[PDB]
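Next comes structure_16.csv, a file with CSV, N, CA and C atoms.
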chain,number,residue,atom,x,y,z
S,1,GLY,N,0.8,-1.2,0.0
S,1,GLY,CA,0.0,0.0,0.0
S,1,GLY,C,0.9,1.3,0.0
S,2,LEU,N,1.9,1.3,0.9
S,2,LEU,CA,2.7,2.5,1.0
S,2,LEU,C,3.4,2.9,-0.2
S,3,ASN,N,4.0,1.9,-0.9
S,3,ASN,CA,4.8,2.2,-2.2
S,3,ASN,C,3.9,2.8,-3.2
S,4,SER,N,2.7,2.3,-3.4
S,4,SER,CA,1.7,2.9,-4.3
S,4,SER,C,1.4,4.4,-3.9
S,5,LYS,N,1.3,4.7,-2.6
S,5,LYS,CA,1.1,6.0,-2.2
S,5,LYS,C,2.3,6.9,-2.5
S,6,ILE,N,3.5,6.4,-2.2
S,6,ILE,CA,4.7,7.2,-2.6
S,6,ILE,C,4.7,7.5,-4.1
S,7,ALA,N,4.4,6.5,-4.9
S,7,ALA,CA,4.4,6.7,-6.3
S,7,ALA,C,3.3,7.7,-6.7
S,8,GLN,N,2.2,7.8,-6.1
S,8,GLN,CA,1.2,8.8,-6.3
S,8,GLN,C,1.8,10.2,-6.1
S,9,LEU,N,2.5,10.3,-5.0
S,9,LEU,CA,3.1,11.6,-4.7
S,9,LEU,C,4.2,12.0,-5.7
S,10,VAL,N,5.1,11.0,-6.0
S,10,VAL,CA,6.1,11.2,-7.1
S,10,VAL,C,5.5,11.6,-8.4
S,11,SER,N,4.3,11.1,-8.7
S,11,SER,CA,3.6,11.5,-10.0
S,11,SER,C,3.1,12.9,-10.0
S,12,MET,N,3.0,13.5,-8.8
S,12,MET,CA,2.7,14.9,-8.7
S,12,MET,C,3.9,15.8,-8.8
S,13,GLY,N,5.0,15.2,-8.9
S,13,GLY,CA,6.3,16.0,-9.0
S,13,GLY,C,7.1,16.1,-7.8
S,14,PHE,N,6.6,15.4,-6.7
S,14,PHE,CA,7.4,15.4,-5.5
S,14,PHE,C,8.5,14.3,-5.5
S,15,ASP,N,9.6,14.5,-4.7
S,15,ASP,CA,10.7,13.6,-4.7
S,15,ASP,C,10.3,12.4,-3.8
S,16,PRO,N,10.9,11.2,-4.1
S,16,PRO,CA,10.6,10.0,-3.4
S,16,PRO,C,10.8,10.1,-1.8
S,17,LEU,N,11.9,10.6,-1.4
S,17,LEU,CA,12.2,10.7,0.1
S,17,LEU,C,11.3,11.6,0.8
S,18,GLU,N,11.1,12.8,0.3
S,18,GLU,CA,10.1,13.8,0.9
S,18,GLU,C,8.7,13.2,0.9
S,19,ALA,N,8.4,12.5,-0.2
S,19,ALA,CA,7.1,11.8,-0.2
S,19,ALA,C,6.9,10.7,0.9
S,20,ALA,N,7.9,9.9,1.0
S,20,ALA,CA,7.9,8.8,2.0
S,20,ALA,C,7.8,9.4,3.4
S,21,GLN,N,8.6,10.5,3.6
S,21,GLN,CA,8.6,11.1,5.0
S,21,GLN,C,7.3,11.8,5.3
S,22,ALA,N,6.6,12.4,4.3
S,22,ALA,CA,5.3,12.9,4.5
S,22,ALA,C,4.3,11.8,4.8
S,23,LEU,N,4.3,10.7,4.1
S,23,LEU,CA,3.5,9.6,4.4
S,23,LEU,C,3.7,9.0,5.8
S,24,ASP,N,4.9,8.9,6.2
S,24,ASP,CA,5.3,8.4,7.5
S,24,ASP,C,4.6,9.3,8.6
S,25,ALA,N,4.8,10.6,8.5
S,25,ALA,CA,4.2,11.6,9.4
S,25,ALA,C,2.7,11.4,9.4
S,26,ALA,N,2.1,11.2,8.2
S,26,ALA,CA,0.7,11.1,8.1
S,26,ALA,C,0.1,9.7,8.4
S,27,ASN,N,1.0,8.8,8.8
S,27,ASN,CA,0.6,7.5,9.1
S,27,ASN,C,-0.1,6.8,7.9
S,28,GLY,N,0.4,7.0,6.7
S,28,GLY,CA,-0.1,6.4,5.5
S,28,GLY,C,-1.3,7.1,4.8
S,29,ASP,N,-1.7,8.2,5.4
S,29,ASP,CA,-2.9,8.9,4.8
S,29,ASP,C,-2.4,9.8,3.7
S,30,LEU,N,-2.6,9.4,2.4
S,30,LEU,CA,-2.1,10.0,1.3
S,30,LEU,C,-2.7,11.4,1.1
S,31,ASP,N,-3.9,11.6,1.4
S,31,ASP,CA,-4.6,12.9,1.3
S,31,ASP,C,-3.9,13.9,2.2
S,32,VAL,N,-3.6,13.5,3.4
S,32,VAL,CA,-2.9,14.3,4.4
S,32,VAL,C,-1.5,14.6,3.9
S,33,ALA,N,-0.8,13.6,3.5
S,33,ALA,CA,0.6,13.7,3.0
S,33,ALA,C,0.7,14.7,1.9
S,34,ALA,N,-0.2,14.5,0.9
S,34,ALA,CA,-0.2,15.4,-0.2
S,34,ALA,C,-0.4,16.9,0.2
S,35,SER,N,-1.4,17.1,1.1
S,35,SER,CA,-1.6,18.5,1.6
S,35,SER,C,-0.4,19.1,2.2
S,36,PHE,N,0.4,18.3,3.0
S,36,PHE,CA,1.7,18.7,3.5
S,36,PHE,C,2.6,19.2,2.5
S,37,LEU,N,2.8,18.5,1.4
S,37,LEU,CA,3.7,18.8,0.3
S,37,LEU,C,3.4,19.9,-0.6
S,38,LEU,N,2.1,20.2,-0.7
S,38,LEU,CA,1.6,21.3,-1.6
S,38,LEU,C,2.2,22.7,-1.4

So that I can check it, write out the structure of this file as structure tokens.
Amino acid sequence: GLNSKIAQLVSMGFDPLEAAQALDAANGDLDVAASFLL
């Protein structure tokens, strides 16, 4: 599940590590992690 979410964030133009770190903080909640990165 997590890798697919990282990939979603990378598809938005974010970098893999910043994406992973946002998802970690967000406990896997992609919508929250995206909001962080915007």

Exercise. Just the alpha helix (DSSP H) stuff from chain S, please, per backbone DSSP, written as a VMD selection string.
Key: chain S and resid 2 to 11 16 to 25 30 to 37

Quiz item: Please, what distance in Å, to one decimal, runs between atom C of residue S:35 and atom N of residue S:1?
Solution: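 Separation of atom C of residue S:35 and atom N of residue S:1: 20.5 Å.
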
Quiz prompt | Closest of S:22, S:38, S:28, S:17 to residue S:4 - atom-to-atom distances counting only C-alpha atoms | solution = S:28

Quiz item: Please, what distance in Å, to one decimal, runs between atom C of residue S:31 and atom CA of residue S:5?
Solution: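 Computing it gives 10.3 Å between the two atoms.
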
Exercise. Find the spatial neighbours of residue S:24, counting only C-alpha atoms, within a cut-off of 12 Å - ignore same-chain residues fewer than 2 positions away - and output them as an NGL selection string.
Key: :S and (2-3 or 5-6 or 17-22 or 26-30 or 32-34 or 36)

Practice problem: One decimal, Å: what's the distance from atom N of residue S:23 over to atom CA of residue S:9, could you say? | Solution: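 That distance, rounded to one decimal, is 8.9 Å.
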